[PDB]
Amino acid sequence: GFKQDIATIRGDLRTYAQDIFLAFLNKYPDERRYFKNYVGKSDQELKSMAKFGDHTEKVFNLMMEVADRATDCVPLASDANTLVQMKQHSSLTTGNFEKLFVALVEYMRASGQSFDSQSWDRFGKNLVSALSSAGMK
């Protein structure tokens, strides 16, 4: 289930984080706009850029904490507030998050690993709703 999935991802975090984020950027190429020095680079080029690995790990470290802190895939309001208020997220709207989670769920369904993809879909919806309540456009 969802709780087990958090442990699965945490068990090989850097790999899942990079693979899911690349799935995101490749599925929504327009989204790469938000990521300066990621433009014009293949997957392998990105995976050799120390900054890409470091930042994507930090993203998924936090995402797993938000997931772990959730009840029935509904995140804490405080976690949503943090995601809205972070300076790094000043240019984002909830559509950006919707996209990330569509890609994540797709990645999970396509994988050999047994994820509860439906729970992740709900988590992404509930996170988006929480972002909206916290004031993201």
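The first residue of the sequence shown is number 1, and the count goes up from there. If you superpose the two forms and keep the largest set of C-alpha atoms that fall within 1.5 Å, you have the rigid core.
Comparing 101-109 with 44-52 by root mean square Cα distance to the shown form in 7 other deposited structures of this protein, with the rigid core used for the fit, gives 44-52 as the more displaced stretch. Stretch 35-43 is the one, of 62-70 and 35-43, whose CA positions lie farther from the shown form in 7 other deposited structures of this protein once all structures are superposed by the rigid core. Of the two segments examined, 25-33 and 63-71, it is 25-33 that shows the higher average Cα temperature factor in the deposited entry. For the pair 128-136 and 4-12, the record assigns the higher mean C-alpha temperature factor to 128-136. For the set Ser78, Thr56, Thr93, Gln44, the maximum C-alpha B-factor listed in the entry falls on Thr93. Compared with the other modelled residues of the chain, the Cα B-factor recorded for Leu100 ranks in the middle third.
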